[PDB]
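Q: Sharing model_5.pdb below, PDB, N, CA and C atoms:
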```
ATOM      1  N   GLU A   3     136.705  92.021  53.928
ATOM      2  CA  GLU A   3     137.326  90.727  53.939
ATOM      3  C   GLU A   3     138.551  90.537  53.062
ATOM      4  N   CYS A   4     139.381  89.661  53.525
ATOM      5  CA  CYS A   4     140.709  89.603  53.070
ATOM      6  C   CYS A   4     140.965  88.196  52.608
ATOM      7  N   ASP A   5     141.826  88.111  51.628
ATOM      8  CA  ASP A   5     142.332  86.864  51.139
ATOM      9  C   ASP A   5     143.346  86.205  52.068
ATOM     10  N   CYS A   6     143.996  86.985  52.907
ATOM     11  CA  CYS A   6     145.018  86.471  53.773
ATOM     12  C   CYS A   6     144.661  86.941  55.164
ATOM     13  N   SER A   7     144.800  86.084  56.157
ATOM     14  CA  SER A   7     144.571  86.416  57.553
ATOM     15  C   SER A   7     145.553  87.414  58.114
ATOM     16  N   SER A   8     146.771  87.331  57.679
ATOM     17  CA  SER A   8     147.792  88.130  58.276
ATOM     18  C   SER A   8     148.352  89.152  57.303
ATOM     19  N   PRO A   9     148.507  90.386  57.775
ATOM     20  CA  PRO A   9     149.052  91.478  56.994
ATOM     21  C   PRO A   9     150.480  91.227  56.616
ATOM     22  N   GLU A  10     151.153  90.330  57.304
ATOM     23  CA  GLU A  10     152.508  89.995  56.948
ATOM     24  C   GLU A  10     152.587  89.105  55.719
ATOM     25  N   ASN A  11     151.475  88.522  55.301
ATOM     26  CA  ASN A  11     151.554  87.545  54.243
ATOM     27  C   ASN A  11     151.799  88.159  52.896
ATOM     28  N   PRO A  12     152.884  87.784  52.294
ATOM     29  CA  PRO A  12     153.314  88.353  51.049
ATOM     30  C   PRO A  12     152.459  87.916  49.871
ATOM     31  N   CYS A  13     151.586  86.955  50.073
ATOM     32  CA  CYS A  13     150.758  86.517  48.974
ATOM     33  C   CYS A  13     149.678  87.534  48.607
ATOM     34  N   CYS A  14     149.449  88.488  49.505
ATOM     35  CA  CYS A  14     148.439  89.531  49.356
ATOM     36  C   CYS A  14     149.040  90.915  49.264
ATOM     37  N   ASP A  15     148.404  91.749  48.477
ATOM     38  CA  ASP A  15     148.811  93.148  48.436
ATOM     39  C   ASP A  15     148.480  93.786  49.771
ATOM     40  N   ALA A  16     149.438  94.525  50.285
ATOM     41  CA  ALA A  16     149.283  95.106  51.563
ATOM     42  C   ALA A  16     148.127  96.082  51.612
ATOM     43  N   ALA A  17     148.018  96.823  50.553
ATOM     44  CA  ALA A  17     147.062  97.902  50.476
ATOM     45  C   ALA A  17     145.617  97.434  50.542
ATOM     46  N   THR A  18     145.347  96.339  49.852
ATOM     47  CA  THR A  18     144.002  95.820  49.737
ATOM     48  C   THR A  18     143.612  94.614  50.586
ATOM     49  N   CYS A  19     144.615  93.873  51.022
ATOM     50  CA  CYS A  19     144.487  92.573  51.669
ATOM     51  C   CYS A  19     143.887  91.472  50.785
ATOM     52  N   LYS A  20     143.932  91.722  49.491
ATOM     53  CA  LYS A  20     143.548  90.781  48.464
ATOM     54  C   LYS A  20     144.780  90.175  47.827
ATOM     55  N   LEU A  21     144.607  89.046  47.181
ATOM     56  CA  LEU A  21     145.706  88.357  46.584
ATOM     57  C   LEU A  21     146.411  89.229  45.579
ATOM     58  N   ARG A  22     147.716  89.123  45.558
ATOM     59  CA  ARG A  22     148.511  89.855  44.648
ATOM     60  C   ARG A  22     148.332  89.343  43.241
ATOM     61  N   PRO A  23     148.681  90.134  42.252
ATOM     62  CA  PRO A  23     148.414  89.676  40.909
ATOM     63  C   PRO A  23     149.167  88.398  40.638
ATOM     64  N   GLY A  24     148.470  87.489  40.022
ATOM     65  CA  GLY A  24     149.037  86.211  39.734
ATOM     66  C   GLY A  24     148.914  85.187  40.844
ATOM     67  N   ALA A  25     148.648  85.602  42.057
ATOM     68  CA  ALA A  25     148.489  84.638  43.137
ATOM     69  C   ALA A  25     147.144  83.893  43.112
ATOM     70  N   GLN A  26     147.149  82.629  43.548
ATOM     71  CA  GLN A  26     145.942  81.843  43.628
ATOM     72  C   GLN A  26     145.486  81.667  45.055
ATOM     73  N   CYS A  27     146.404  81.811  45.982
ATOM     74  CA  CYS A  27     146.089  81.566  47.351
ATOM     75  C   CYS A  27     147.140  82.173  48.245
ATOM     76  N   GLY A  28     146.819  82.312  49.506
ATOM     77  CA  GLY A  28     147.780  82.712  50.478
ATOM     78  C   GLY A  28     147.977  81.804  51.655
ATOM     79  N   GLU A  29     147.098  80.850  51.817
ATOM     80  CA  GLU A  29     147.192  79.987  52.947
ATOM     81  C   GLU A  29     146.418  78.726  52.666
ATOM     82  N   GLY A  30     146.686  77.719  53.474
ATOM     83  CA  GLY A  30     146.093  76.409  53.368
ATOM     84  C   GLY A  30     147.092  75.322  53.089
ATOM     85  N   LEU A  31     146.682  74.097  53.336
ATOM     86  CA  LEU A  31     147.516  72.912  53.120
ATOM     87  C   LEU A  31     147.934  72.698  51.661
ATOM     88  N   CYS A  32     147.100  73.211  50.775
ATOM     89  CA  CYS A  32     147.282  73.075  49.358
ATOM     90  C   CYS A  32     147.670  74.357  48.622
ATOM     91  N   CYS A  33     148.361  75.227  49.345
ATOM     92  CA  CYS A  33     148.908  76.431  48.809
ATOM     93  C   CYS A  33     150.433  76.343  48.907
ATOM     94  N   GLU A  34     151.076  76.514  47.781
ATOM     95  CA  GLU A  34     152.508  76.596  47.713
ATOM     96  C   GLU A  34     152.979  77.835  46.992
ATOM     97  N   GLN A  35     153.679  78.679  47.704
ATOM     98  CA  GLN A  35     154.178  79.928  47.159
ATOM     99  C   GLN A  35     153.074  80.709  46.429
ATOM    100  N   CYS A  36     151.955  80.826  47.080
ATOM    101  CA  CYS A  36     150.849  81.603  46.574
ATOM    102  C   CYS A  36     150.112  80.986  45.380
ATOM    103  N   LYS A  37     150.398  79.734  45.079
ATOM    104  CA  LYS A  37     149.726  79.006  44.012
ATOM    105  C   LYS A  37     149.116  77.701  44.522
ATOM    106  N   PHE A  38     148.110  77.205  43.826
ATOM    107  CA  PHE A  38     147.520  75.960  44.237
ATOM    108  C   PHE A  38     148.570  74.850  44.106
ATOM    109  N   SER A  39     148.596  73.959  45.075
ATOM    110  CA  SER A  39     149.445  72.802  45.022
ATOM    111  C   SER A  39     148.986  71.885  43.938
ATOM    112  N   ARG A  40     149.864  70.996  43.552
ATOM    113  CA  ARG A  40     149.630  70.038  42.512
ATOM    114  C   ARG A  40     148.431  69.100  42.820
ATOM    115  N   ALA A  41     147.623  68.890  41.817
ATOM    116  CA  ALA A  41     146.556  67.951  41.945
ATOM    117  C   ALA A  41     147.096  66.577  42.255
ATOM    118  N   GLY A  42     146.537  65.979  43.274
ATOM    119  CA  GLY A  42     146.941  64.672  43.698
ATOM    120  C   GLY A  42     147.967  64.572  44.783
ATOM    121  N   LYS A  43     148.454  65.701  45.199
ATOM    122  CA  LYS A  43     149.393  65.718  46.278
ATOM    123  C   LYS A  43     148.729  65.412  47.606
ATOM    124  N   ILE A  44     149.293  64.483  48.354
ATOM    125  CA  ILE A  44     148.763  64.200  49.643
ATOM    126  C   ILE A  44     148.825  65.411  50.531
ATOM    127  N   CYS A  45     147.728  65.679  51.206
ATOM    128  CA  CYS A  45     147.670  66.728  52.183
ATOM    129  C   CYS A  45     147.149  66.445  53.595
ATOM    130  N   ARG A  46     146.576  65.270  53.775
ATOM    131  CA  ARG A  46     146.102  64.794  55.057
ATOM    132  C   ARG A  46     146.104  63.251  55.150
ATOM    133  N   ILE A  47     146.796  62.942  56.326
ATOM    134  CA  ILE A  47     146.977  61.544  56.700
ATOM    135  C   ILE A  47     146.096  61.266  57.912
ATOM    136  N   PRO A  48     145.208  60.293  57.768
ATOM    137  CA  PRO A  48     144.528  59.825  58.965
ATOM    138  C   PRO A  48     145.347  58.740  59.651
ATOM    139  N   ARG A  49     144.989  58.431  60.871
ATOM    140  CA  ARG A  49     145.422  57.195  61.490
ATOM    141  C   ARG A  49     144.556  56.051  61.015
ATOM    142  N   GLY A  50     145.089  54.867  61.016
ATOM    143  CA  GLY A  50     144.302  53.769  60.560
ATOM    144  C   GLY A  50     144.154  53.791  59.070
ATOM    145  N   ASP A  51     143.146  53.105  58.590
ATOM    146  CA  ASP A  51     142.995  52.832  57.175
ATOM    147  C   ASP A  51     142.007  53.646  56.362
ATOM    148  N   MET A  52     141.554  54.768  56.898
ATOM    149  CA  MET A  52     140.672  55.663  56.182
ATOM    150  C   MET A  52     141.417  56.343  55.070
ATOM    151  N   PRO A  53     140.719  56.831  54.069
ATOM    152  CA  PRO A  53     141.447  57.329  52.930
ATOM    153  C   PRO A  53     142.165  58.641  53.270
ATOM    154  N   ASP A  54     143.312  58.827  52.677
ATOM    155  CA  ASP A  54     144.019  60.066  52.749
ATOM    156  C   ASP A  54     143.339  61.077  51.856
ATOM    157  N   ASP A  55     143.683  62.333  52.066
ATOM    158  CA  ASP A  55     143.125  63.384  51.251
ATOM    159  C   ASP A  55     144.267  63.960  50.412
ATOM    160  N   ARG A  56     143.920  64.381  49.222
ATOM    161  CA  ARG A  56     144.864  64.955  48.286
ATOM    162  C   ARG A  56     144.397  66.309  47.737
ATOM    163  N   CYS A  57     145.337  67.136  47.354
ATOM    164  CA  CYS A  57     144.990  68.409  46.777
ATOM    165  C   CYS A  57     144.279  68.268  45.428
ATOM    166  N   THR A  58     143.438  69.246  45.111
ATOM    167  CA  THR A  58     142.703  69.214  43.864
ATOM    168  C   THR A  58     143.333  69.955  42.702
ATOM    169  N   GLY A  59     144.234  70.838  43.002
ATOM    170  CA  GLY A  59     144.825  71.650  42.001
ATOM    171  C   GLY A  59     144.033  72.911  41.709
ATOM    172  N   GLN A  60     142.861  72.994  42.315
ATOM    173  CA  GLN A  60     141.955  74.109  42.137
ATOM    174  C   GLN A  60     141.476  74.790  43.393
ATOM    175  N   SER A  61     142.072  74.446  44.520
ATOM    176  CA  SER A  61     141.717  74.984  45.806
ATOM    177  C   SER A  61     142.934  74.866  46.720
ATOM    178  N   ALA A  62     142.998  75.738  47.702
ATOM    179  CA  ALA A  62     144.143  75.786  48.585
ATOM    180  C   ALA A  62     143.952  75.030  49.856
ATOM    181  N   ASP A  63     142.734  74.564  50.065
ATOM    182  CA  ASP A  63     142.426  73.748  51.225
ATOM    183  C   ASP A  63     142.579  72.275  50.891
ATOM    184  N   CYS A  64     142.715  71.478  51.927
ATOM    185  CA  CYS A  64     142.802  70.056  51.753
ATOM    186  C   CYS A  64     141.389  69.489  51.926
ATOM    187  N   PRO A  65     140.891  68.877  50.882
ATOM    188  CA  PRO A  65     139.510  68.428  50.889
ATOM    189  C   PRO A  65     139.250  67.248  51.796
ATOM    190  N   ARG A  66     137.979  66.982  52.052
ATOM    191  CA  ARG A  66     137.591  65.822  52.819
ATOM    192  C   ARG A  66     136.476  65.041  52.134
ATOM    193  N   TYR A  67     136.521  63.736  52.295
ATOM    194  CA  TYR A  67     135.564  62.802  51.741
ATOM    195  C   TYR A  67     134.390  62.757  52.679
ATOM    196  N   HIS A  68     133.188  62.812  52.149
ATOM    197  CA  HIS A  68     132.042  62.789  53.050
ATOM    198  C   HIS A  68     130.823  62.146  52.453
TER     199      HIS A  68
END
```
Just give me the structure of the file as C-alpha cells.
A:
Amino acid sequence: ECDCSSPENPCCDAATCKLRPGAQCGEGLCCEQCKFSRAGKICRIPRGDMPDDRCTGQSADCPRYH
C-alpha cells in the first residue's frame, strides 16, 4: 500500500510509493503541496443551510459532521 494513488505524484518517493521526507500528504481536499492545509479552511460547501466543513490541520481529507 501506497500513500499516493498515482506514481506520478511527486508527494511520494517513487521507489517506495510512500510519502517523501517531510511530506504530510499527497492527496485530498485538505492537502496543499504535500502538507496539511490550514486548520479552519473551508473545504466543502453544501447547498442550503447545512454546515460547511473545514480542514483540521491534522488530516488531508475534508471532514464531515455526523
Q: Compile the contact shell of residue A:40 as a PyMOL selection string: residues with an atom at most 6.5 Å away, counting all atoms listed in the file, same-chain residues fewer than 5 positions apart removed.
A: chain A and resi 32+57-59
Q: When you count only N, CA and C atoms, which of these residues is closest to residue A:21: A:5, A:60, A:67, A:38?
A: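 Among the listed residues, the smallest separation from residue A:21 belongs to A:5.
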Q: So, counting only C-alpha atoms, which residue among A:66, A:22, A:61, A:28 is closest to residue A:46?
A: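 Once distances to residue A:46 are computed over only C-alpha atoms, the minimum belongs to A:66.
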Q: Between A:14, A:4, A:19, A:33, which has the minimum distance to residue A:62 (counting all atoms listed in the file)?
A: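 Residue with the minimum atom-to-atom distance to residue A:62: A:33.
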Q: To one decimal place, how far is atom N of residue A:47 from atom N of residue A:35 in Å?
A: 19.2 Å
Q: Check chain A with DSSP on the backbone and list each residue it calls strand (DSSP E), as a PDB file with N, CA and C atoms, in the coordinates of the input.
A:
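See result19.pdb below for the written result:
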```
ATOM      1  N   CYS A  33     148.361  75.227  49.345  1.00  0.00           N
ATOM      2  CA  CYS A  33     148.908  76.431  48.809  1.00  0.00           C
ATOM      3  C   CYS A  33     150.433  76.343  48.907  1.00  0.00           C
ATOM      4  N   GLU A  34     151.076  76.514  47.781  1.00  0.00           N
ATOM      5  CA  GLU A  34     152.508  76.596  47.713  1.00  0.00           C
ATOM      6  C   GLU A  34     152.979  77.835  46.992  1.00  0.00           C
ATOM      7  N   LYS A  37     150.398  79.734  45.079  1.00  0.00           N
ATOM      8  CA  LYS A  37     149.726  79.006  44.012  1.00  0.00           C
ATOM      9  C   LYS A  37     149.116  77.701  44.522  1.00  0.00           C
ATOM     10  N   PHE A  38     148.110  77.205  43.826  1.00  0.00           N
ATOM     11  CA  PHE A  38     147.520  75.960  44.237  1.00  0.00           C
ATOM     12  C   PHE A  38     148.570  74.850  44.106  1.00  0.00           C
ATOM     13  N   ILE A  44     149.293  64.483  48.354  1.00  0.00           N
ATOM     14  CA  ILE A  44     148.763  64.200  49.643  1.00  0.00           C
ATOM     15  C   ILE A  44     148.825  65.411  50.531  1.00  0.00           C
ATOM     16  N   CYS A  45     147.728  65.679  51.206  1.00  0.00           N
ATOM     17  CA  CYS A  45     147.670  66.728  52.183  1.00  0.00           C
ATOM     18  C   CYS A  45     147.149  66.445  53.595  1.00  0.00           C
ATOM     19  N   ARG A  46     146.576  65.270  53.775  1.00  0.00           N
ATOM     20  CA  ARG A  46     146.102  64.794  55.057  1.00  0.00           C
ATOM     21  C   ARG A  46     146.104  63.251  55.150  1.00  0.00           C
ATOM     22  N   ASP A  55     143.683  62.333  52.066  1.00  0.00           N
ATOM     23  CA  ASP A  55     143.125  63.384  51.251  1.00  0.00           C
ATOM     24  C   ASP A  55     144.267  63.960  50.412  1.00  0.00           C
ATOM     25  N   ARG A  56     143.920  64.381  49.222  1.00  0.00           N
ATOM     26  CA  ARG A  56     144.864  64.955  48.286  1.00  0.00           C
ATOM     27  C   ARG A  56     144.397  66.309  47.737  1.00  0.00           C
TER      28      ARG A  56
END
```
Q: Could you tell me which of A:25, A:45, A:52, A:6 comes closest to residue A:64 if we count all atoms listed in the file?
A: A:45
Q: What separation in Å, quoted to one decimal, exists between atom CA of residue A:68 and atom CA of residue A:55?
A: 11.2 Å
Q: Enumerate, as a PyMOL selection string, the residues matched when the PyMOL selection byres (((chain A and resi 26 and name CA) around 6) and name CA) is run on the file above.
A: chain A and resi 25+27+36-37
Q: Just write the chosen residues, N, CA and C atoms, as an mmCIF file, in the frame of the given file.
A:
```cif
data_model
loop_
_atom_site.group_PDB
_atom_site.id
_atom_site.type_symbol
_atom_site.label_atom_id
_atom_site.label_comp_id
_atom_site.auth_asym_id
_atom_site.auth_seq_id
_atom_site.Cartn_x
_atom_site.Cartn_y
_atom_site.Cartn_z
ATOM 1 N N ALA A 25 148.648 85.602 42.057
ATOM 2 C CA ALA A 25 148.489 84.638 43.137
ATOM 3 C C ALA A 25 147.144 83.893 43.112
ATOM 4 N N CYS A 27 146.404 81.811 45.982
ATOM 5 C CA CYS A 27 146.089 81.566 47.351
ATOM 6 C C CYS A 27 147.140 82.173 48.245
ATOM 7 N N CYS A 36 151.955 80.826 47.080
ATOM 8 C CA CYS A 36 150.849 81.603 46.574
ATOM 9 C C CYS A 36 150.112 80.986 45.380
ATOM 10 N N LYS A 37 150.398 79.734 45.079
ATOM 11 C CA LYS A 37 149.726 79.006 44.012
ATOM 12 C C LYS A 37 149.116 77.701 44.522
#
```
Q: Between A:43, A:10, A:20, A:34, which has the minimum distance to residue A:56 (counting only C-alpha atoms)?
A: A:43
Q: What does the distance from atom N of residue A:41 to atom C of residue A:24 come to in Å, to one decimal?
A: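 That distance, rounded to one decimal, is 16.4 Å.
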Q: Which one is closest to residue A:63: A:42, A:3, A:31, A:12? Count only N, CA and C atoms.
A: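 Once distances to residue A:63 are computed over only N, CA and C atoms, the minimum belongs to A:31.
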Q: Because some atoms of stretch 6-27 of chain A are absent here, can you restore N, CA, C and O atoms and send them as a CSV table (one decimal), keeping the file's coordinate frame?
A:
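Saved result, part18.csv, follows:
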```
chain,number,residue,atom,x,y,z
A,6,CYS,N,144.0,87.0,52.9
A,6,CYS,CA,145.0,86.5,53.8
A,6,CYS,C,144.7,86.9,55.2
A,6,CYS,O,144.3,88.1,55.3
A,7,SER,N,144.8,86.1,56.2
A,7,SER,CA,144.6,86.4,57.6
A,7,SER,C,145.6,87.4,58.1
A,7,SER,O,145.2,88.2,59.0
A,8,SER,N,146.8,87.3,57.7
A,8,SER,CA,147.8,88.1,58.3
A,8,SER,C,148.4,89.2,57.3
A,8,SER,O,148.7,88.8,56.2
A,9,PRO,N,148.5,90.4,57.8
A,9,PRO,CA,149.1,91.5,57.0
A,9,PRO,C,150.5,91.2,56.6
A,9,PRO,O,150.9,91.8,55.7
A,10,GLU,N,151.2,90.3,57.3
A,10,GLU,CA,152.5,90.0,56.9
A,10,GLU,C,152.6,89.1,55.7
A,10,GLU,O,153.6,88.9,55.2
A,11,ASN,N,151.5,88.5,55.3
A,11,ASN,CA,151.6,87.5,54.2
A,11,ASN,C,151.8,88.2,52.9
A,11,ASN,O,151.0,88.9,52.4
A,12,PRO,N,152.9,87.8,52.3
A,12,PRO,CA,153.3,88.4,51.0
A,12,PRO,C,152.5,87.9,49.9
A,12,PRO,O,152.6,88.4,48.8
A,13,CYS,N,151.6,87.0,50.1
A,13,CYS,CA,150.8,86.5,49.0
A,13,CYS,C,149.7,87.5,48.6
A,13,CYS,O,149.1,87.4,47.6
A,14,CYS,N,149.4,88.5,49.5
A,14,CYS,CA,148.4,89.5,49.4
A,14,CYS,C,149.0,90.9,49.3
A,14,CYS,O,150.0,91.2,49.9
A,15,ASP,N,148.4,91.7,48.5
A,15,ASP,CA,148.8,93.1,48.4
A,15,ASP,C,148.5,93.8,49.8
A,15,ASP,O,147.4,93.7,50.3
A,16,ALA,N,149.4,94.5,50.3
A,16,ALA,CA,149.3,95.1,51.6
A,16,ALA,C,148.1,96.1,51.6
A,16,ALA,O,147.5,96.2,52.6
A,17,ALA,N,148.0,96.8,50.6
A,17,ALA,CA,147.1,97.9,50.5
A,17,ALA,C,145.6,97.4,50.5
A,17,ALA,O,144.8,98.0,51.2
A,18,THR,N,145.3,96.3,49.9
A,18,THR,CA,144.0,95.8,49.7
A,18,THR,C,143.6,94.6,50.6
A,18,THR,O,142.5,94.4,50.8
A,19,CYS,N,144.6,93.9,51.0
A,19,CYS,CA,144.5,92.6,51.7
A,19,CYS,C,143.9,91.5,50.8
A,19,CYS,O,143.4,90.5,51.3
A,20,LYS,N,143.9,91.7,49.5
A,20,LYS,CA,143.5,90.8,48.5
A,20,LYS,C,144.8,90.2,47.8
A,20,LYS,O,145.8,90.7,47.9
A,21,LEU,N,144.6,89.0,47.2
A,21,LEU,CA,145.7,88.4,46.6
A,21,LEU,C,146.4,89.2,45.6
A,21,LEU,O,145.8,89.9,44.8
A,22,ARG,N,147.7,89.1,45.6
A,22,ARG,CA,148.5,89.9,44.6
A,22,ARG,C,148.3,89.3,43.2
A,22,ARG,O,147.8,88.3,43.0
A,23,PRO,N,148.7,90.1,42.3
A,23,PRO,CA,148.4,89.7,40.9
A,23,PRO,C,149.2,88.4,40.6
A,23,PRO,O,150.2,88.2,41.0
A,24,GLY,N,148.5,87.5,40.0
A,24,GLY,CA,149.0,86.2,39.7
A,24,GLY,C,148.9,85.2,40.8
A,24,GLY,O,149.0,84.0,40.6
A,25,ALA,N,148.6,85.6,42.1
A,25,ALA,CA,148.5,84.6,43.1
A,25,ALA,C,147.1,83.9,43.1
A,25,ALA,O,146.2,84.4,42.7
A,26,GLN,N,147.1,82.6,43.5
A,26,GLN,CA,145.9,81.8,43.6
A,26,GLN,C,145.5,81.7,45.1
A,26,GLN,O,144.4,81.4,45.3
A,27,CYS,N,146.4,81.8,46.0
A,27,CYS,CA,146.1,81.6,47.4
A,27,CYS,C,147.1,82.2,48.2
A,27,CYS,O,148.1,82.6,47.8
```
